[PDB]
Every structure is written in C-alpha cells, then in structure tokens.
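Quick note, the sequences are listed as chains Q, 0, R, S, E and J, same order.
The opening position of the first sequence corresponds to residue 1 in the entry's author numbering, with each subsequent residue numbered one higher.
The opening position of the second sequence corresponds to residue 1 in the entry's author numbering, with each subsequent residue numbered one higher.
The opening position of the third sequence corresponds to residue 1 in the entry's author numbering, with each subsequent residue numbered one higher.
The opening position of the fourth sequence corresponds to residue 1 in the entry's author numbering, with each subsequent residue numbered one higher.
The opening position of the fifth sequence corresponds to residue 52 in the entry's author numbering, with each subsequent residue numbered one higher.
The opening position of the sixth sequence corresponds to residue 1 in the entry's author numbering, with each subsequent residue numbered one higher.
Some notes on the structure that comes next.
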Amino acid sequence: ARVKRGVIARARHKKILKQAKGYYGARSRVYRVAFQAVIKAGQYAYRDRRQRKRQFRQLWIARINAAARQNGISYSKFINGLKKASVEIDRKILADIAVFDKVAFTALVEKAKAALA
Amino acid sequence: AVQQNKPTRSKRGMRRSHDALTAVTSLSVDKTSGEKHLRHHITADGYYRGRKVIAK
Amino acid sequence: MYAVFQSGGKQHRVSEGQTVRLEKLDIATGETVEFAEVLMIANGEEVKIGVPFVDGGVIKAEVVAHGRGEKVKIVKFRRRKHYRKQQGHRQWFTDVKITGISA
Amino acid sequence: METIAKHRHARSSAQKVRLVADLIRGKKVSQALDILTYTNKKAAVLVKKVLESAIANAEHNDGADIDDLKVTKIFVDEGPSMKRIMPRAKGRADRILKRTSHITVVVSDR
Amino acid sequence: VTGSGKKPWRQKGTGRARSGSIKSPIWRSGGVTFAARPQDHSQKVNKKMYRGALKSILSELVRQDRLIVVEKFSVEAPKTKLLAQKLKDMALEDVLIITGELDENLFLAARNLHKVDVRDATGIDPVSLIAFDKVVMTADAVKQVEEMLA
Amino acid sequence: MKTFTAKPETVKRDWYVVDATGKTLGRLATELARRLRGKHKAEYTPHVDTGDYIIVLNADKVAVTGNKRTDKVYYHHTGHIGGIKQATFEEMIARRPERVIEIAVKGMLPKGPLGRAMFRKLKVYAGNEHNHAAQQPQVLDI
RNA sequence: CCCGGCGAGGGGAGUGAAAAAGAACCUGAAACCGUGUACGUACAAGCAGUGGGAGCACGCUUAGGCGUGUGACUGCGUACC
RNA sequence: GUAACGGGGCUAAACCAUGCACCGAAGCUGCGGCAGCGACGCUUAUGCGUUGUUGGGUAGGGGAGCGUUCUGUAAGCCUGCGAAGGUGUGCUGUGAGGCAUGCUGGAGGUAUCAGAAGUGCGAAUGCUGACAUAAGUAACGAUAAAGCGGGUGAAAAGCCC
C-alpha cells in the first residue's frame, strides 16, 4: 500500500502559512521560515499573557499616584491609608475612578488620610 | 566577493527607485507639414521650420 | 451613577442598564443574581465602604446568555531540546445585565 | 467598453518592457502613441504594436471612436524562459535564460 | 535496480555530497529502502479455536433467529428462476441454505443469485455463516454440523 | 471594559514658566522631566505624550553643589578620527548655558521617538524673558 | 473579418454542454513576478513578532463606546537544526 | 570613544543606625477550568456535588489518540440537483483533526467496526524539478579600421552594388 502523501501535507503547510499572515516578507510567504515565525509568535503570547497583568497594574499604580499626589498624599501612604481604612478593599484597576470621577477620588484620599491620622 | 544573505524583493524595488524612463514632452509640429518632430530635428518627410530641407 | 463589586475574583465599576462579563456563574440563563456586598456607590455624592461593603447597598442583574471565550493557543518550545507542545484553551464566562444599584 | 490586445511570448524580459509600459499607463491613446514613437527602447516598438492593434480592435470590433480612447490599463507579465548554456572558462558551463513577456494593453473610453 | 556500481562522483572535492550508488534509496529514480517480497499472510488458528469459533457463531445465528432449519431444501431443476421463486415464497433474499450433501442443481441455481449462496454441510465456513441475513440449513445438515463440531 | 487611554488628539497640555535661578539642576531636571512626560495625571498612557509645555528661565544661574561647577565631567564625541571633545560645567554655562539643563532633562526622559517628542515641549532660555507671551504661561516651581 | 512583416501574437465570428477545453490544451497547489485598491511609511536604529494602542478604512445594530484590514506610538524580545 | 555607579544626575539620590509605608515573580491567595493517581459521601453493566492531592523536563520507559493508502462491511451509502482535488469561510476538538458550507472543478467518493501498511519531513553540503538572488551588473572572444552613395526590405552599422 504505497501512500500518496501531499494532500495531508499541503494541509499542514497551509495551516501554518495561514497563521502567519501579515508577517514580513518570507515570514508570511515561505513555510520553512513561516513556521519558526509562528512558533515564536506563540511563545511571545504565552509570555505576554503573564506580562499583560504586570503592565496594567503598573499603569494603574502610576495613575493612582498622579492623583493621590495631586490631593497631597503619596501613593504609598494613600494605599496604607485605604488599607487601615476600617478595612476597605478595592482593586488598583478599579481606582480608575481616579480618571473618571475626581470627586469620588478625593473622597477616597480623605477616608485614607483619616485612617492615618 | 559575494552576498551573505539574499536581498529582499524590496531592496530590488528600492534600488530601482530611479530606473524610470522619462517621457519626451518636448516634441512639436511642423508649421508646414503634418509632422510631429523632436525639437531641433528634421521631420521625417524632411522638413525643418517649414522650409522643406533635405529633399529625401 | 455607578457602583463597584467583587464578582470574578475581580472587581467591576458598573451602572444600571450596563452589561458586564463575569467569570462563570451557575445561575440559570434568565434568572436574577443579587450582588449584596458592593464596595462603593456614587451619584454626585457618594458612599465608600468605611469598612468593606456599604451598609445596605445591593446590586441586581439578570444573567443573559452563558458562553465560552475565543480559543487561545498555548505554545511551549525549548530550542535545541527536541521539545515542544501546543495547547488549546477557551474559558467559560457568564454575562449579566445590571438592573439594580439599590443605593 | 474595454476591448483589449496583447502580445504573448514577447522576446524581451518584462522588467524591460515594463519600463516602457509605465510611460504610457492611463494616457490618452493619442498621447500614448507619441510617447512610444519617440522612445528609443526596443520594447517601445513591441508595445506600440500592441497599443495599435488594440486601438484597431476597438474601432473595428466595438464602439470604436478612437478619439476618446485611453490606455486605461497596461501591465506585462512574464512568459516562459527558454533555457540555454554558455560555454565558459576552464570547462565550466553556465546557465543563461532567454526571457520572454506577455504584454497586455487595455484601451477604453472611461 | 538496473544500473552500475560506479560512484557518481568523487568523495571529496566537487562541492557536492557524498553519493556512492545511483541506486540510493534516497536518490530519485531507483531505490526503495525495504522493498517488499511476495509474502504468505496465512495465520494458524488452533483446531479447537476454529471449531470453538463456529459453535460460537451458530449459537448466535440461533439467538438472532437467523438460523432457520427446514427438512429438505431443494429445487427441481438447475434454474435460477425456480430458486428465485422458492426464495420469494419463503420470504428470503439474503441466504445461506447450507444443505446436507449438496445437490448440483441448487448449486447451479443460486450462482447468478448474488445475495444468496448454497453450501454443503462439511463446507460451511466462518465468515459466510456471518455474511448473510439468514442461513437456512436442513435437518439433514444439522445432524452433520452436529457430528462435525461435536 | 479596558482601562482608559489618553488620546493624542484630545489631550490638554498647558504652558508654564520656571525660573532656574538658584535651583539645583537635576533636582530641577527631575521635575521638568516628569511634568515633561505627563507623569502627573492620566499619564496612565505611556505611549501618549500627556506632558505640559514648560518654558525654563535664567538657566545660566542654575545651581550645582559640591565642586561640580569647576569639575563636572561633560564629554562628547564627533564620531571622527579620534574626536572626543570635553567641556567643564563652568565652561558650558560660559558658552550657551541653556545646554546644561537641556542635556540634563534629556538624559531623564525616555529612550526614543516618543520621549524625544516630549522634550520639544521644553523651551529653556539662558536669559530672563522669553517670547511666548501668547501661550499665557503660568508660573511654577521645584 | 480586423491590427501585424502574405510574421510572431492578438481581437471578433463560429463549433461545442463548456474554449472558466484552442493544440504549451483535464484538474491546475507552491515558491517566484505583476496591475488595482484600503491602510502605513521620508528625525528613524537591531530575529521584524508579541503585549498595550491612537487614527484611517470598511462591515456592523437603529446606536451602544463591537467584526475585519491596516498599525503611528509604546513595554518585553539575539531564528531554527 | 566619556567607558572602573547602566545612564542622567546626586552632597545625599552616599555610608551607618532605628523605624513605618510602598513596589516587586509564571512563588502564595482569589474566581473559573482540564487531567493523572488515591480514597469518602450519594450510590455499583457507577459516575459523580465529588473529594485530598499531583501536573518544568533532554536521553530514556510507560499510557492514550489523529490522519493517510489499500481489504472487507459495500450490488449498501453519497454523488452530474456536482465526487476526488484546489481555494475561502463557519463552527467544533486539549491536540494531531473533524464537520459544514461559498467559489473552482466535472467523476468519482465512501460511514461504521474491523484488517494490512511503500502512513506522517525543514534540516542528512540529502534526490529530482521548478523558481528566486546577485543584476539588467560582468561580458559580447586577439587594438588589422573604417567612411559614404545606391539597393532590397516592415526594419539595414553588420546582407547586396
């Protein structure tokens, strides 16, 4: 039983070239190049899924600080405050109120400032 | 000396960024015969500034 | 006029009428969950959980279709070590609409 | 009405024919014919002959009225190569490809 | 493969790659790494497993009442049409009809009948026992398949 | 519901005026730079330039600490032959002082294209007035 | 029948179920070369992706702050055997 | 080429000492999910609310599967109201894949359960073919040498006079 080979093969190469669209020059044209190109894209996105979560928190923190510092408190103390603030728990992401409700924020600083007094 | 990596189909492109021919623009028509003709040149039937020169 | 609440393992700022995607949630497709520990509410003048959770603030929403997110690929590949595996994973989620925000 | 004419197996590379072809593209068929007559590349004649045949095709087989015609479309694709050898120094034999094109001209009035 | 022992080109020097026989399985025309020979695929099968198998399949024919024994199944002359008749009559189309001593006409009939096949008792094989919708079998023959299987 | 992004086309900006006079360069640069980068608001978007335009003033009078005034490094290379020129701090305050503060906060903004833009917002000046009255610069400090 | 060198090639006509069978003729992949359109690109430095992400373009549903393409700017990042 | 703080810059943004915040990892926690190996409670041709726990990995051992050709099942089933193949898309699978369907194509393809293997390729300076690169670059083969008039011709430096 001599076996054709080829359709099942063209299936694969196409499967990879398809995942490699928009990649530059041979990255998106030539299987042998295309492959190693997909695999790293894969490895980058497994890394970067983990990364993303770091990136945002640092985005958040940065802007919490801008705001805290604008109401005359450092991020560090502000957090400490919130932490002591009769418990009082509340994502750093969530503290986007920072951008979209400057009055609800100063509220927070006050609550915080207080639990620190 | 020979290349170490194959040049991209793009570099060819860029190298050729200057290969374009230039079209003429600068031809005119003889006041006396039909005859378009390059400026400062004899027209085929043999005219130049009206006045049929070169009898051939 | 919004409020905040813990529900994924994550928190969410939310206003009535507004839909949010939460992690999965047994609650059958059409019924009504009631988030009864909101960590803040606000109009023009607002209520922070002096402790966690504002005294009597609750939030109501109706589940509204369950689902599975778009597949994602897990690639592991150790160069020169004759090693690699690829993997597919999806992720259940339930979606709620938000009718509540009972101050 | 489109109406077109083409030269397949043209004995010129393509790269070279294109050089001429880009002079002409989208020109008034009239102004096209002039740019061609006064272009000294052997491709020029190759492509003038197509333009001409194509215009003729227009006037005879369709609406015609060559007064409105434009070379609305011109592009030249590469034909098959004839393959040869070049006896060379020290017994080495070298490849060499005689290349050919397919010229296509499309002329219309819109 | 028809060719020569000659080594296509030197070992070292031409910038090419070893090479040694124009017949390399890896070379184009000519090769085949483990070329087949004609082979015998017969398998053994213990006796007691062959007999054991048959028993196992009769029993199941019977349990699906696909086994329909009759006294004397036979026909009057070698005419497929005739047989085809009896079959229509008995509500049969896919059948075995394994008879005792085999007559000849019933073999001659049935031949062109494609969904049907007749055998003598001592003939009877595993698959054809399974292959048909029903298998008939005469008292004449059961006594025989009896002895046979013991 | 993703976190917010400043958006280059809606971002505010604002003008200010800072007197460098007695200020200790570098504790000044540090501020210019952070404000220069928008790091004080909805920065919260590091791909977008949210900084404020700050115009500096009296750079020549900027202040230094230790012996730096006579001793502060200041090297650079023309990428020629063996072309490594150097100039002392006082040498630089001497010819085009503006430079010290510039080269200063530059080293503090980030990297490439973006950060490079951020720096154009900063208009220094060796002297004591400037010609950007129309921008209605508001004064500030550090 | 027409362009052309009583060419090469081509446009019609016509045959044919079909010339999306015209002789280099079933199907007709891939590398590789073009024409056309969206988007990007002439102060920008590195395995060229990946994470975040404006803008433009096109589809959305009567908006709903979505899909597809593109991808300024930005964190991370030295191919495979 | 500054080049012996990573840089800017720092007189503290350095050292020492005490203290309290904070940031910080694919560690730990939270929510959702899958599997391997155990064993409760509900209850056995048992999987479960489940439940404790484990889940980096070359060489190597073990386990479970995809798909390809060909035999049977198949004188069945699908198919000119469009097979195989080619090219899109959609949904699905942990994956190898599957299924649907637009386009192309225009005569063959086969579920299922089993059976057999010329069963899976990126690398062997692998074999064949096709096609890129360098590049419209080198070169056009003795530095004995050409000029013009007429001619034929679609075109003549190169043929003819």
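Every residue, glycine too, gets a C-beta built ideally from N, C-alpha and C.
Residue interval of the beta strand (DSSP E) (run including residue i)
| i | result |
| --- | --- |
| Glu52 (chain S) | Counting along the chain, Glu52 (chain S) falls outside any beta strand (DSSP E), though it belongs to the alpha helix (DSSP H) covering 42-61. |
| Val38 (chain Q) | That residue, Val38 (chain Q), is in no beta strand (DSSP E); its alpha helix (DSSP H) goes 31-70. |
| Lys85 (chain J) | 84-86 |
| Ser15 (chain R) | 11-15 |
| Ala11 (chain Q) | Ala11 (chain Q) -> not in any beta strand (DSSP E); alpha helix (DSSP H) instead, spanning 7-18. |
| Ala5 (chain S) | 4-10 |
| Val76 (chain S) | 70-78 |
| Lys60 (chain R) | 59-68 |
| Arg21 (chain R) | 20-23 |
| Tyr16 (chain J) | 15-19 |
| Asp95 (chain R) | 92-96 |
| residue 158 (chain J) | Residue 158 (chain J) is absent from the model: chain J starts at 1 and stops at 142. |
Residue interval of the alpha helix (DSSP H) (run including residue i)
| i | result |
| --- | --- |
| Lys73 (chain R) | No alpha helix (DSSP H) contains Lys73 (chain R), which is instead part of the beta strand (DSSP E) from 72-78. |
| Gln31 (chain S) | 29-37 |
| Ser110 (chain E) | 98-114 |
| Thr106 (chain Q) | 102-116 |
| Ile103 (chain J) | 98-106 |
| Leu159 (chain E) | 156-159 |
Whether residue i touches residue j by CB criterion (7 Å)
| i | j | result |
| --- | --- | --- |
| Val105 (chain J) | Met92 (chain J) | no |
| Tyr23 (chain Q) | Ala45 (chain Q) | no |
| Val58 (chain R) | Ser102 (chain R) | yes |
| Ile149 (chain E) | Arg162 (chain E) | no |
| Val72 (chain R) | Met40 (chain R) | no |
| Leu69 (chain S) | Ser81 (chain S) | no |
| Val139 (chain J) | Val17 (chain J) | yes |
| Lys74 (chain E) | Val96 (chain E) | no |
| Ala98 (chain Q) | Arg63 (chain Q) | yes |
| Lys102 (chain Q) | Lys48 (chain R) | no |
| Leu200 (chain E) | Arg79 (chain E) | no |
Per-residue contacts from residue i into chain 0 (C-beta, under 9 Å)
| i | result |
| --- | --- |
| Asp77 (chain S) | Those within 9 Å of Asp77 (chain S) in chain 0 number zero; the least Cβ separation is about 16 Å. |
Chain-ordered chain J contacts of residue i [CB-CB under 8 Å]
| i | result |
| --- | --- |
| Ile93 (chain Q) | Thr3 |
Beta-carbon neighbours of residue i, restricted to chain S and to distances below 7 Å
| i | result |
| --- | --- |
| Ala20 (chain 0) | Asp22 |
Chain-ordered chain Q contacts of residue i [CB-CB under 8 Å]
| i | result |
| --- | --- |
| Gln11 (chain R) | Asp90, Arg91, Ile93, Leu94 |
| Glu43 (chain J) | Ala62, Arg63, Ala66 |
| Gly50 (chain R) | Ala85, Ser86, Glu88, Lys111 |
| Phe35 (chain R) | The contacting residues do not exist; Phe35 (chain R) stays about 14 Å from chain Q at best. |
Collapsed DSSP secondary structure at residue i in the structure displayed
| i | result |
| --- | --- |
| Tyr83 (chain R) | strand |
| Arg51 (chain 0) | coil |
| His40 (chain 0) | coil |
| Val178 (chain E) | helix |
| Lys83 (chain S) | strand |
| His76 (chain J) | strand |
| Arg35 (chain J) | helix |
| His102 (chain S) | strand |
| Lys41 (chain J) | coil |
Residue i: contacting residues in chain Q (beta-carbon distance under 9 Å)
| i | result |
| --- | --- |
| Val4 (chain R) | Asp90, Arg91, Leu94, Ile97 |
| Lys111 (chain J) | Within 9 Å Cβ-Cβ: nothing; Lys111 (chain J) doesn't reach chain Q, min ~17 Å. |
| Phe93 (chain R) | Per Cβ cutoff of 9 Å: no residues; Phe93 (chain R) is ~17 Å from chain Q at best. |
Partner residues on chain S for residue i, Cβ-Cβ distance less than 8 Å
| i | result |
| --- | --- |
| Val24 (chain 0) | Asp34, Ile35, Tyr38, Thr39 |
Beta-carbon neighbours of residue i, restricted to chain S and to distances below 9 Å
| i | result |
| --- | --- |
| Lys36 (chain 0) | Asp34, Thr37, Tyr38 |
Contacts that residue i makes with chain 0 (C-beta to C-beta distance below 8 Å)
| i | result |
| --- | --- |
| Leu19 (chain S) | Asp19, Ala20, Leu21 |
Residues that residue i contacts on chain Q, provided the C-beta gap is smaller than 7 Å
| i | result |
| --- | --- |
| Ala42 (chain R) | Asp101, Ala104 |
| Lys73 (chain R) | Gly42 |
- Task: Anything in the stretch 55-66 of chain Q with a Cβ closer than 8 Å to a Cβ of chain J? List those residues in chain order, please.
- Result: Listed in sequence order: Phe56, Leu59, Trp60, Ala62, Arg63, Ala66.
- Item | the stretch 34-50 of chain S: positions lying closer than 9 Å to chain 0 by Cβ | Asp34, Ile35, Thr37, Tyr38, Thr39, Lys41
- Message: Short of 7 Å Cβ to Cβ, which residues in the stretch 102-115 of chain Q face chain R?
- Response: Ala104, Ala107, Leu108, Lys111
- If you measure beta-carbon to beta-carbon, which residues of the stretch 25-41 of chain J are closer than 8 Å to chain Q? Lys39, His40, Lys41
- Output, in sequence order along the chain, the residues in the stretch 69-85 of chain Q whose CB is closer than 8 Å to any CB in chain J. Correct list: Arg69, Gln70.
- Item | Residues of the stretch 31-56 of chain Q whose Cβ lies closer than 7 Å to any Cβ of chain R, in chain order | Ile39, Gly42, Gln43, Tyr46
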